[PDB]
Amino acid sequence: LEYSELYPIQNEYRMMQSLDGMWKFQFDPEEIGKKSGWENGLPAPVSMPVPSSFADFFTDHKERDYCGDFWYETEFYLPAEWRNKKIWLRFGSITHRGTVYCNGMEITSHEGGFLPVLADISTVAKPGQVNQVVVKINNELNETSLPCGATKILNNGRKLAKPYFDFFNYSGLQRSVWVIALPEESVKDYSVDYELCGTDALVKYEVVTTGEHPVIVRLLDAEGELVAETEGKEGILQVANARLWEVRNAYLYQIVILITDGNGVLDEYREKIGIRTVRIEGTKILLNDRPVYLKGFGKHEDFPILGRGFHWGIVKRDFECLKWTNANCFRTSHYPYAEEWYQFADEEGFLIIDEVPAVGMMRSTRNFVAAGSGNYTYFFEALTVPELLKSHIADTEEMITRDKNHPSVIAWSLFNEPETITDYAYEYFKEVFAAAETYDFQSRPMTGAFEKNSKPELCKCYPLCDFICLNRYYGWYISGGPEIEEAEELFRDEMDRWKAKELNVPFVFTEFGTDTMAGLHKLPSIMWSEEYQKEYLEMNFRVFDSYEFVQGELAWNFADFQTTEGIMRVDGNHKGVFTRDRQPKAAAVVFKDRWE
Amino acid sequence: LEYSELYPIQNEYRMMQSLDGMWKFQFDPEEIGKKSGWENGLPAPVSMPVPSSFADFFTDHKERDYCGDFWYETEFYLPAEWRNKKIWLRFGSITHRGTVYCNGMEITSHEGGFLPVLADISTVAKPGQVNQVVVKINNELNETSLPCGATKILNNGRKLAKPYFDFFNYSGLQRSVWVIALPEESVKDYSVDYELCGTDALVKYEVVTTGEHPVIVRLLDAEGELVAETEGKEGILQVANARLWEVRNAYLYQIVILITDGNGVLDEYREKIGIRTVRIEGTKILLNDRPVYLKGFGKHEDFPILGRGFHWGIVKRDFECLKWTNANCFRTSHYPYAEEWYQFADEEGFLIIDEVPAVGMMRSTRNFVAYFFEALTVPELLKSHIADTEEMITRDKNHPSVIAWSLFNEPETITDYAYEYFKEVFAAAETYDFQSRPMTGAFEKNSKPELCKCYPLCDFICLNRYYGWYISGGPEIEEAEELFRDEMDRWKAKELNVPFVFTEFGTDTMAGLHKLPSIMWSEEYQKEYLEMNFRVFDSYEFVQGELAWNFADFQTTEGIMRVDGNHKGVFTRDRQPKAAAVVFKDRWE
Ligand SMILES: O=C(O)[C@H]1CNC[C@@H](O)[C@@H]1O
Ligand SMILES: O=C(O)[C@H]1CNC[C@@H](O)[C@@H]1O
């Protein structure tokens with residue numbers, strides 16, 4: 001990467017100033033902004049909170065559902081004392097793609113809506129003056145970038161996003177924005193990897209800087225005491241009597257990376273890390289050499305009004321709920337979350353399966369969204385797939401570079417419900433997995449979540465995985481309700497087929513659930529009732545517990561969340577175990593009791 | 001028919017005794033009841049209310065969802081004085097099909113779950129003693145009887161009904177049961193038809209009795225005063241200064257039919273009727289020679305716990321709600337209702353489109369759940385459909401409220417096979433209806449104007465459309481409106497010169513789901529959808545009625561698309577208005 005993914009810090013060498021607040025915002029349905037000079041200021045803006053998704057503020061459909069180009073603008077005073085620094089705009093994300101301007105000048109563009117965008121404004125920044133940032137953003141969906149979908153043009157020319165995925169197309173500036181100042185020679189990246197040696201541990205590391213001066217690396221314990229120190233851009237820190245980062249029992253050291261010229265220090269980067277190992281051994285997931293059974297949820301970045309907008313309050317409530325259920329794990333379904341989620345998981349000892357936004361790659365869904373009105377003959381995969389692969393690999397590189405040093409991150413999920421039953425899909429995913437392994441200094445477990453279409457007899461992609469994640473809805477989409485006994489039979493039949501393959505890898509259920517409307521009670525239960533959610537879960541548990549190789553269960557979903565409206569979604573997806581405002585349905589206690 | 005459809009009455013000649021109450025009931029999953037003497041009494045019964053659907057009483061899934069054979073039993077004391085009367089068991093209905101036994105003797109069987117079953121127990125009845133009735137009932141769904149569906153067998157032998165229709169498969173004894181006594185020579189049927197002559201009216205009639213004795217027919221006004229009298233099994237009653245039965249302004253005369261033996265009366269049948277005419281003239285629906293625009297709903301027989309169980313309380317609340325919306329009409333979607341609904345509509349001046357249970361006649365839905373009219377079972381289905389049609393029309397023809405027959409809901413209609421099938425149904429209906437009143441059916445969107453072969457059979461055309469719900473809903477609602485107008489422009493271009501009535505349009509709407517801007521499923525979207533539909537309706541002169549789907553939320557089969565039944569109600573299942581109810585009230589005022 002031609003920029004650093006490192007989270008920004010404030011110290012003697014590095015400065016940061018938040019640009020969060022009310023920005024100026026303007027929709028550009030006619031796509032006239034750039035030729036009209038909007039990069040120098042929006043002509044008729046409204047106010048827009050940052051961070052937030054824009055959609056749910058408005059009271060009219062066309063603004064909520066807006067699809068196309070739209071622009072953000074703000075101004076900030078740059079301290080004069082930042083003069084002799086490399087000055088960057090850092091967006092937590094720009095959803096889905098955008099071009100950043102500063103003081104009227106084009107700085108950078110980015111594709112991918114869920115990872116940081118770094119824009120080097122050093123050459124146009126005006127220290128000791130007010131500066132301007134303008135961002136052109138686009139939220140259309142296509143088949144050459146993630147997540148996948150289509151864009152429909154309505155009779156009036158109005159665009160409408162048509163996802164191939166089951167979540168609302170929230171977009172905008174959904175995460176915090178900073179302007180930061182770095183030393184001219186700085187720490188750009190580092191990687192740690194761990195080895196356990198009895199009571200001791202080794203922290204292997206690499207550091208990438210933007211210069212040639214010597215590097216010193218120190219490790220401090222949770223009290224700030226020096227426990228190890230070495231020199232060089234590559235090395236090993238030896239930690240006596242190491243306090244390991246444990247599941248639901250975190251311990252964090254602080255790594256301190258210094259660039260020196262002998263006379264003094266040029267840069268200092270510090271970050272909390274946790275000494276822990278993760279590996280797959282047969283059907284076991286080993287954390288610090290001991291098996292762990294994953295218990296938790298797929299989540300979303302989703303909350304009323306804010307949409308995917310980041311807020312520490314959502315983090316705090318969600319973790320309190322997670323702990324109350326006795327969970328130990330979540331998957332970042334279906335995109336990398338704001339960095340703060342991982343920082344907090346590190347502190348709380350939660351395990352994370354970190355997922356790239358490779359969702360929407362199922363052919364039947366694509367075809368369905370094309371058949372709506374209307375198309376049944378024209379598709380061009382041969383042309384788009386190579387471009388999609390490039391985008392997928394780029395997002396993977398960005399995710400892993402951003403997240404690798406979190407002790408919480410124990411696995412990469414490289415897809416959710418793609419086509420996997422052709423040799424072509426194998427060749428596609430082989431490249432993604434190869435890239436992931438190359439970018440991950442730890443070479444930690446890699447996986448993806450498979451839809452039921454990936455039958456054990458047909459799937460060509462599970463051998464790429466270190467463990468296999470299954471999304472299954474036996475008792476919801478398949479043989480629901482009065483047919484639930486048949487659902488259980490079908491589920492056991494499938495798992496018997498997996499069993500007979502004797503793959504000797506762990507299986508984790510990454511999704512299972514039922515839409516459940518809080519307050520819908522029925523005796524006997526019906527699909528959509530709270531009681532049916534409980535019974536469905538009990539049936540699933542009986543199945544899970546029948547197979548030795550099943551080593552985790554992440555329910556879909558932690559909480560009800562927003563989707564595109566339609567005949568199958570009653571104000572979003574109601575498969576939450578909690579409501580959207582984070583309160584438990586009856587099924588939450590079922591998990592609490594089982595996971596205790 | 002070899003029995004009478006006439007509603008039972010109590011007078012000097014006719015007696016009736018209710019058998020409603022707690023009956024004995026037993027499921028028969030192994031299908032051994034008739035092999036094991038159950039017709040002489042159930043061996044291990046539980047109690048079951050009659051009238052009611054059985055399903056929603058139980059607390060376990062297997063009892064609620066029971067599909068197959070199941071049995072009812074009760075005992076009743078027959079008064080000694082009923083000796084030498086013709087004694088009948090009269091079930092308001094037996095859902096879906098069944099065999100009636102009395103005192104251990106097989107009496108009759110019936111196919112069709114929404115019309116009366118008459119069982120002549122004259123030869124086995126024991127006057128002045130306790131008597132027993134046992135009924136074997138079956139609620140499976142097939143493609144040779146209505147309504148249509150399939151029956152799935154789960155790997156353990158357990159049956160599950162798989163409807164091709166969007167309502168829960170409620171079954172059992174859902175209507176009241178009577179034992180009745182009739183004279184040996186009795187009035188079996190009669191028919192009335194009306195002609196308006198200025199301020200006067202003619203009531204044309206025919207009477208069918210079970211004997212050869214003379215018949216006298218009288219007409220009394222609402223106060224019981226004699227206004228007309230004539231002799232003969234066929235005749236005309238002349239009514240001076242007739243008080244017509246009017247929309248939302250009923251007036252009912254009483255017809256009195258006497259069989260005489262010269263110096264005495266052998267039988268008397270009495271029923272309230274209303275003098276009114278209905279006809280289709282060009283694009284207008286004429287009631288008493290004046291155009292009427294139909295305003296109202298499709299309903300169901302559906303209420304919490306009772307299921308389809310009849311109760312006058314449901315009738316009363318529903319009619320109060322209908323009146324509050326300023327409605328004038330409902331369709332008996334998708335089966336004839338209990339007779340009492342029509343009696344009440346007659347009193348309240350509501351117009352009824354009376355619908356036979358010919359629903360589930362779809363190939364798409366059939367193929368998914370399981371070329372509908374090309375299947376070898378079809379000749380049998382046709383016979384069942386015609387039988388139900390004959391029964392419905394014979395039962396309901398003399399209600400002034402009944403102004404049209406709906407002979408199907410959403411069948412396949414785009415092949416010559418379908419045309420030939422429906423031609424037979426319509427021909428039969430015409431033979432049974434003394435009034436030859438308008439016949440129609442409700443068409444699904446698949447019946448494209450360019451493809452449908454069956455609309456020419458209809459006196460007026462009923463469309464079920466969901467532009468803005470199943471087609472281009474939500475953010476695409478402007479596209480939905482364009483598509484709707486495109487279709488209606490295609491109908492307009494045919495210049496058929498017939499009225500169109502929208503018999504369904506609606507959106508699932510969860511009470512209490514509010515959103516600004518609206519989303520599908522919200523109360524606000526229901527309002528916006530309706531407003532869009534009205535704009536379309538009002539753009540076509542030939543559109544002459546709108547019946548919203550549905551009056552109230554109602555039970556369906558469980559599934560991923562039904563959140564505790566169907567929520568397209570304008571009212572909740574307990575009969576309270578969503579926001580959209582006011583929209584109808586204001587428009588229909
Ligand atoms: O249908 C569902 O509820 C889930 C199915 N698997 C993918 C999820 O994004 C989706 O939300
Ligand atoms: O889908 C619906 O809501 C309706 C479609 N037309 C037929 C109705 O029985 C059904 O309930």
# chains A, B, ... in the order shown; residues from 1 in each chain; ligands from 1
call {"tool": "residues_around", "arguments": {"residues": "residue 527 of chain B", "least_positions_apart": "4", "cutoff": "8 Å", "atoms": "only C-alpha atoms", "output": "PyMOL selection string"}}
result
chain B and resi 523+531+579-580+583
call {"tool": "residues_near_ligand", "arguments": {"ligand": "ligand 1", "cutoff": "10 Å", "atoms": "only C-alpha atoms and all ligand atoms", "output": "PyMOL selection string"}}
result
chain A and resi 164-167+298-300+333-334+359-360+416-417+449-452+470-473+476-477+510-515+556-557+560-563+568-569+572-576
call {"tool": "write_last_selection", "arguments": {"atoms": "N, CA and C atoms", "output": "tab-separated table (two decimals), in the first residue's frame"}}
result
chain	number	residue	atom	x	y	z
A	164	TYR	N	-27.23	-7.67	-4.14
A	164	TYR	CA	-27.31	-9.13	-4.17
A	164	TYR	C	-27.10	-9.66	-2.75
A	165	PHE	N	-27.24	-8.79	-1.75
A	165	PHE	CA	-26.97	-9.14	-0.36
A	165	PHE	C	-28.12	-8.64	0.51
A	166	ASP	N	-28.29	-9.28	1.66
A	166	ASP	CA	-29.44	-9.03	2.53
A	166	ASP	C	-29.13	-7.98	3.60
A	167	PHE	N	-28.65	-6.81	3.17
A	167	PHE	CA	-28.55	-5.69	4.09
A	167	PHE	C	-28.75	-4.40	3.33
A	298	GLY	N	-22.98	-13.65	14.26
A	298	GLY	CA	-22.72	-12.64	13.25
A	298	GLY	C	-23.39	-11.35	13.70
A	299	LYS	N	-22.73	-10.23	13.44
A	299	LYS	CA	-23.28	-8.92	13.76
A	299	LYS	C	-23.51	-8.12	12.49
A	300	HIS	N	-23.71	-6.82	12.66
A	300	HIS	CA	-23.67	-5.85	11.56
A	300	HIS	C	-23.20	-4.55	12.19
A	333	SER	N	-19.62	-9.99	9.95
A	333	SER	CA	-20.51	-10.10	8.80
A	333	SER	C	-20.99	-8.70	8.40
A	334	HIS	N	-20.94	-8.31	7.12
A	334	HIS	CA	-20.24	-8.98	6.02
A	334	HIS	C	-19.24	-8.00	5.41
A	359	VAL	N	-19.56	-10.55	-0.50
A	359	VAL	CA	-20.91	-11.03	-0.33
A	359	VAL	C	-21.70	-10.56	-1.55
A	360	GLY	N	-22.67	-11.36	-1.97
A	360	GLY	CA	-23.45	-11.05	-3.16
A	360	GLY	C	-22.99	-11.75	-4.42
A	416	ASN	N	-18.76	-14.61	1.81
A	416	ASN	CA	-20.03	-15.06	2.37
A	416	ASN	C	-20.98	-15.45	1.27
A	417	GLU	N	-21.26	-16.75	1.19
A	417	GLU	CA	-22.23	-17.31	0.25
A	417	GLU	C	-21.97	-17.00	-1.22
A	449	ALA	N	-17.77	-18.34	4.56
A	449	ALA	CA	-19.08	-18.88	4.92
A	449	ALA	C	-19.80	-19.40	3.68
A	450	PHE	N	-20.21	-20.66	3.74
A	450	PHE	CA	-20.83	-21.34	2.61
A	450	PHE	C	-22.33	-21.43	2.74
A	451	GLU	N	-23.01	-21.15	1.63
A	451	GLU	CA	-24.45	-21.34	1.51
A	451	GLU	C	-24.76	-22.81	1.20
A	452	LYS	N	-26.01	-23.20	1.42
A	452	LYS	CA	-26.41	-24.60	1.24
A	452	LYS	C	-26.19	-25.10	-0.19
A	470	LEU	N	-20.31	-22.92	7.87
A	470	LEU	CA	-21.58	-23.18	7.19
A	470	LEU	C	-22.68	-22.25	7.67
A	471	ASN	N	-23.40	-21.70	6.70
A	471	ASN	CA	-24.62	-20.97	6.96
A	471	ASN	C	-25.77	-21.90	6.62
A	472	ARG	N	-26.62	-22.24	7.59
A	472	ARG	CA	-27.71	-23.16	7.29
A	472	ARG	C	-28.99	-22.72	7.95
A	473	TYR	N	-30.08	-22.97	7.24
A	473	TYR	CA	-31.42	-22.56	7.64
A	473	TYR	C	-32.43	-23.70	7.55
A	476	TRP	N	-35.95	-22.97	8.74
A	476	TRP	CA	-36.42	-21.64	8.36
A	476	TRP	C	-36.72	-21.60	6.86
A	477	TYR	N	-35.70	-21.49	6.02
A	477	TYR	CA	-35.91	-21.49	4.57
A	477	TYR	C	-36.20	-22.88	4.02
A	510	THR	N	-21.71	-20.55	11.03
A	510	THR	CA	-21.63	-19.10	11.07
A	510	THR	C	-22.98	-18.42	10.92
A	511	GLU	N	-24.00	-19.17	10.53
A	511	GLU	CA	-25.36	-18.64	10.52
A	511	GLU	C	-26.36	-19.75	10.72
A	512	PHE	N	-27.39	-19.42	11.47
A	512	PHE	CA	-28.60	-20.21	11.66
A	512	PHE	C	-29.51	-19.28	12.45
A	513	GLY	N	-30.79	-19.26	12.12
A	513	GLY	CA	-31.71	-18.37	12.81
A	513	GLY	C	-33.07	-18.35	12.16
A	514	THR	N	-33.99	-17.61	12.76
A	514	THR	CA	-35.36	-17.50	12.26
A	514	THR	C	-35.80	-16.07	12.44
A	515	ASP	N	-36.51	-15.51	11.46
A	515	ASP	CA	-37.09	-14.19	11.69
A	515	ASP	C	-38.07	-14.32	12.83
A	556	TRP	N	-27.13	-16.27	13.61
A	556	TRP	CA	-27.54	-15.13	12.79
A	556	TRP	C	-28.86	-14.63	13.33
A	557	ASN	N	-28.97	-13.39	13.81
A	557	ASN	CA	-27.91	-12.40	13.95
A	557	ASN	C	-27.93	-11.97	15.42
A	560	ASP	N	-31.62	-7.55	15.26
A	560	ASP	CA	-32.40	-7.18	14.09
A	560	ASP	C	-31.71	-6.03	13.39
A	561	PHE	N	-31.75	-6.01	12.06
A	561	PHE	CA	-30.98	-5.02	11.32
A	561	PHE	C	-31.66	-4.63	10.01
A	562	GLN	N	-31.26	-3.50	9.44
A	562	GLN	CA	-31.94	-2.98	8.27
A	562	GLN	C	-31.59	-3.71	6.97
A	563	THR	N	-32.60	-3.95	6.15
A	563	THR	CA	-32.42	-4.52	4.83
A	563	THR	C	-33.19	-3.65	3.85
A	568	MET	N	-40.36	-10.02	1.83
A	568	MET	CA	-39.80	-10.98	2.77
A	568	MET	C	-39.15	-10.36	3.99
A	569	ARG	N	-39.19	-9.04	4.09
A	569	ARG	CA	-38.48	-8.34	5.16
A	569	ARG	C	-39.41	-7.33	5.82
A	572	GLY	N	-36.76	-4.69	7.88
A	572	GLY	CA	-35.46	-5.31	7.99
A	572	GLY	C	-35.52	-6.79	8.31
A	573	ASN	N	-34.38	-7.29	8.75
A	573	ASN	CA	-34.18	-8.69	9.07
A	573	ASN	C	-34.43	-8.86	10.55
A	574	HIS	N	-35.34	-9.77	10.91
A	574	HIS	CA	-35.71	-10.00	12.29
A	574	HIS	C	-35.15	-11.28	12.87
A	575	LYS	N	-34.05	-11.77	12.29
A	575	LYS	CA	-33.38	-12.92	12.88
A	575	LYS	C	-32.54	-12.58	14.09
A	576	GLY	N	-32.56	-11.32	14.53
A	576	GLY	CA	-31.87	-10.97	15.75
A	576	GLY	C	-32.28	-11.79	16.95
call {"tool": "residues_near_ligand", "arguments": {"ligand": "ligand 2", "cutoff": "8 Å", "atoms": "only C-alpha atoms and all ligand atoms", "output": "list in words"}}
result
residues 165, 166, 167, 333, 334, 359, 409, 410, 444, 464, 504, 506, 507, 508, 549, 550, 566, 567 and 568 of chain B
call {"tool": "write_last_selection", "arguments": {"atoms": "N, CA and C atoms", "output": "compact mmCIF listing (two decimals), in the first residue's frame"}}
result
# COMPACT_ATOMS: atom_id res chain seq x y z
N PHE B 165 -53.61 -22.33 -1.83
CA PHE B 165 -54.34 -21.11 -1.53
C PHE B 165 -53.78 -20.47 -0.27
N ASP B 166 -53.94 -19.16 -0.16
CA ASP B 166 -53.35 -18.37 0.92
C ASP B 166 -54.29 -18.23 2.12
N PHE B 167 -54.79 -19.35 2.64
CA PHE B 167 -55.49 -19.32 3.91
C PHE B 167 -55.27 -20.63 4.64
N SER B 333 -64.90 -14.17 -0.27
CA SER B 333 -63.64 -14.82 -0.54
C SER B 333 -63.32 -15.85 0.57
N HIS B 334 -62.91 -17.08 0.25
CA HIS B 334 -62.93 -17.72 -1.07
C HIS B 334 -63.80 -18.97 -0.99
N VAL B 359 -60.59 -22.04 -5.67
CA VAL B 359 -59.35 -21.33 -5.44
C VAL B 359 -58.25 -22.38 -5.33
N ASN B 409 -61.39 -18.00 -8.06
CA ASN B 409 -60.41 -17.01 -7.65
C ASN B 409 -59.03 -17.43 -8.11
N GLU B 410 -58.48 -16.67 -9.05
CA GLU B 410 -57.11 -16.87 -9.54
C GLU B 410 -56.79 -18.27 -10.09
N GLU B 444 -56.19 -13.42 -11.56
CA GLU B 444 -54.82 -13.09 -11.18
C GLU B 444 -54.10 -12.41 -12.34
N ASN B 464 -57.74 -9.04 -9.45
CA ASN B 464 -56.93 -8.99 -8.24
C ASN B 464 -55.58 -8.46 -8.69
N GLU B 504 -59.31 -7.40 -5.43
CA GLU B 504 -58.21 -7.41 -4.47
C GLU B 504 -57.16 -6.40 -4.84
N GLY B 506 -53.90 -4.62 -1.99
CA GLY B 506 -53.54 -4.41 -0.61
C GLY B 506 -52.07 -4.65 -0.36
N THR B 507 -51.66 -4.40 0.89
CA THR B 507 -50.27 -4.56 1.29
C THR B 507 -50.24 -5.17 2.68
N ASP B 508 -49.32 -6.09 2.94
CA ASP B 508 -49.20 -6.54 4.32
C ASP B 508 -48.77 -5.36 5.15
N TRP B 549 -58.36 -5.98 -0.41
CA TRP B 549 -57.91 -7.21 0.24
C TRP B 549 -57.07 -6.80 1.43
N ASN B 550 -57.43 -7.13 2.67
CA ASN B 550 -58.64 -7.83 3.08
C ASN B 550 -59.31 -6.94 4.12
N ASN B 566 -51.88 -13.47 7.23
CA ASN B 566 -51.88 -12.45 6.21
C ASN B 566 -52.21 -11.13 6.88
N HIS B 567 -51.35 -10.13 6.69
CA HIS B 567 -51.54 -8.83 7.31
C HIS B 567 -52.02 -7.75 6.38
N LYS B 568 -52.68 -8.15 5.29
CA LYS B 568 -53.25 -7.16 4.38
C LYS B 568 -54.56 -6.60 4.88
call {"tool": "interface_residues", "arguments": {"of": "chain A", "to": "chain B", "cutoff": "10 Å", "atoms": "only C-alpha atoms", "output": "number ranges by chain"}}
result
A: 56-65, 154-156, 160-161, 372-373, 476-483, 485-486, 489, 514-517, 520-529, 564-572
call {"tool": "residues_around", "arguments": {"residues": "residue 435 of chain A", "least_positions_apart": "3", "cutoff": "9 Å", "atoms": "only C-alpha atoms", "output": "list in words"}}
result
residues 393, 396, 397, 430, 431, 432, 438, 439 and 440 of chain A
call {"tool": "select_by_dssp", "arguments": {"residues": "segment 14-67 of chain A", "states": "strand (DSSP E)", "output": "ChimeraX atom specification"}}
result
/A:15-18,21-27,46-50
call {"tool": "residues_around", "arguments": {"residues": "segment 206-211 of chain A", "least_positions_apart": "6", "cutoff": "10 Å", "atoms": "only C-alpha atoms", "output": "VMD selection string"}}
result
chain A and resid 3 to 4 183 to 193 217 232 to 236 257 259 267 441
call {"tool": "write_last_selection", "arguments": {"atoms": "N, CA and C atoms", "output": "compact mmCIF listing (two decimals), in the first residue's frame"}}
result
# COMPACT_ATOMS: atom_id res chain seq x y z
N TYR A 3 0.30 3.94 1.48
CA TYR A 3 -0.11 4.70 2.65
C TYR A 3 -0.09 3.74 3.82
N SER A 4 -0.25 4.27 5.02
CA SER A 4 -0.26 3.47 6.23
C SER A 4 -1.68 3.19 6.69
N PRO A 183 5.66 12.48 11.10
CA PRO A 183 7.03 12.88 10.79
C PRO A 183 7.36 12.51 9.35
N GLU A 184 8.32 13.20 8.77
CA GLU A 184 8.70 12.94 7.41
C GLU A 184 9.26 11.53 7.21
N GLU A 185 9.93 11.03 8.20
CA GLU A 185 10.29 9.62 8.24
C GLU A 185 9.47 8.94 9.33
N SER A 186 8.61 8.01 8.94
CA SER A 186 7.65 7.44 9.88
C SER A 186 7.48 5.93 9.79
N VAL A 187 6.96 5.36 10.87
CA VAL A 187 6.54 3.97 10.88
C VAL A 187 5.26 3.84 10.05
N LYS A 188 5.34 3.06 8.98
CA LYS A 188 4.24 2.91 8.04
C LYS A 188 3.44 1.64 8.32
N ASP A 189 4.14 0.58 8.71
CA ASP A 189 3.47 -0.68 9.01
C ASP A 189 4.35 -1.46 9.97
N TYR A 190 3.75 -2.39 10.70
CA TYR A 190 4.53 -3.41 11.40
C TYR A 190 3.65 -4.64 11.52
N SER A 191 4.28 -5.78 11.80
CA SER A 191 3.57 -7.03 11.98
C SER A 191 4.16 -7.78 13.15
N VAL A 192 3.31 -8.40 13.95
CA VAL A 192 3.78 -9.28 15.00
C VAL A 192 3.23 -10.69 14.81
N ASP A 193 3.99 -11.66 15.30
CA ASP A 193 3.61 -13.06 15.27
C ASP A 193 4.20 -13.68 16.53
N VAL A 217 12.68 -1.43 18.88
CA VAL A 217 11.37 -1.92 19.28
C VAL A 217 11.39 -2.33 20.74
N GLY A 232 16.37 -3.19 15.16
CA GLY A 232 16.25 -3.66 13.80
C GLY A 232 14.82 -3.67 13.32
N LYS A 233 14.66 -3.57 12.00
CA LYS A 233 13.33 -3.59 11.39
C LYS A 233 12.74 -4.99 11.36
N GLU A 234 13.56 -5.99 11.63
CA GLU A 234 13.07 -7.34 11.82
C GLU A 234 13.75 -7.89 13.06
N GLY A 235 12.99 -8.56 13.91
CA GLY A 235 13.58 -9.11 15.11
C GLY A 235 12.64 -9.96 15.94
N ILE A 236 13.11 -10.32 17.12
CA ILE A 236 12.32 -11.10 18.05
C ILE A 236 12.45 -10.49 19.44
N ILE A 257 7.55 1.37 18.84
CA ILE A 257 8.46 1.31 17.71
C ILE A 257 9.04 2.69 17.52
N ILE A 259 11.93 5.21 15.59
CA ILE A 259 12.95 5.48 14.59
C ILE A 259 13.91 6.48 15.20
N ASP A 267 10.45 9.26 15.19
CA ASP A 267 9.05 8.86 15.22
C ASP A 267 8.89 7.82 16.32
N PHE A 441 1.22 -11.81 8.14
CA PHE A 441 2.47 -12.20 8.78
C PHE A 441 2.29 -13.43 9.68
call {"tool": "residues_around", "arguments": {"residues": "residue 371 of chain B", "least_positions_apart": "4", "cutoff": "9 Å", "atoms": "only C-alpha atoms", "output": "PyMOL selection string"}}
result
chain B and resi 362-364+367+375+412
call {"tool": "write_last_selection", "arguments": {"atoms": "N, CA, C and O atoms", "output": "mmCIF file, in the first residue's frame"}}
result
data_model
loop_
_atom_site.group_PDB
_atom_site.id
_atom_site.type_symbol
_atom_site.label_atom_id
_atom_site.label_comp_id
_atom_site.auth_asym_id
_atom_site.auth_seq_id
_atom_site.Cartn_x
_atom_site.Cartn_y
_atom_site.Cartn_z
ATOM 1 N N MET B 362 -54.051 -22.957 -9.833
ATOM 2 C CA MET B 362 -52.907 -22.281 -10.416
ATOM 3 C C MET B 362 -51.806 -23.289 -10.660
ATOM 4 O O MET B 362 -51.609 -24.216 -9.875
ATOM 5 N N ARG B 363 -51.092 -23.106 -11.759
ATOM 6 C CA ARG B 363 -50.114 -24.006 -12.123
ATOM 7 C C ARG B 363 -48.833 -23.561 -11.406
ATOM 8 O O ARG B 363 -48.244 -24.352 -10.762
ATOM 9 N N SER B 364 -48.451 -22.305 -11.494
ATOM 10 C CA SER B 364 -47.287 -21.825 -10.760
ATOM 11 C C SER B 364 -47.327 -22.275 -9.304
ATOM 12 O O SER B 364 -46.483 -23.055 -8.862
ATOM 13 N N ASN B 367 -47.358 -25.819 -8.988
ATOM 14 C CA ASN B 367 -46.118 -26.518 -9.245
ATOM 15 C C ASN B 367 -45.098 -26.305 -8.137
ATOM 16 O O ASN B 367 -44.412 -27.217 -7.748
ATOM 17 N N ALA B 375 -54.315 -31.668 -16.538
ATOM 18 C CA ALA B 375 -54.103 -32.871 -15.758
ATOM 19 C C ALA B 375 -55.335 -33.751 -15.816
ATOM 20 O O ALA B 375 -56.468 -33.279 -15.727
ATOM 21 N N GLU B 412 -55.824 -20.658 -13.577
ATOM 22 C CA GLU B 412 -55.270 -20.471 -14.897
ATOM 23 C C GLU B 412 -56.370 -20.214 -15.928
ATOM 24 O O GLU B 412 -57.360 -20.866 -15.898
#
call {"tool": "atom_distance", "arguments": {"atom1": "atom CA of residue 125 of chain B", "atom2": "atom CA of residue 83 of chain B"}}
result
8.7 Å
call {"tool": "residues_around", "arguments": {"residues": "segment 259-267 of chain B", "least_positions_apart": "4", "cutoff": "8 Å", "atoms": "only C-alpha atoms", "output": "ChimeraX atom specification"}}
result
/B:13-14,183,185-187,213-216
call {"tool": "closest_residue", "arguments": {"among": "B:121, B:461, B:100, B:306", "to": "residue 135 of chain B", "atoms": "only C-alpha atoms"}}
result
B:100
call {"tool": "residues_around", "arguments": {"residues": "residue 39 of chain B", "least_positions_apart": "4", "cutoff": "10 Å", "atoms": "only C-alpha atoms", "output": "ChimeraX atom specification"}}
result
/B:33-35,71-73,99-106,132-136
call {"tool": "closest_residue", "arguments": {"among": "B:209, B:326, B:526, B:332", "to": "residue 6 of chain B", "atoms": "only C-alpha atoms"}}
result
B:209
call {"tool": "closest_residue", "arguments": {"among": "A:245, A:324, A:474, A:532", "to": "residue 591 of chain A", "atoms": "only C-alpha atoms"}}
result
A:324
call {"tool": "closest_residue", "arguments": {"among": "B:309, B:45, B:336, B:468", "to": "residue 113 of chain B", "atoms": "only C-alpha atoms"}}
result
B:336
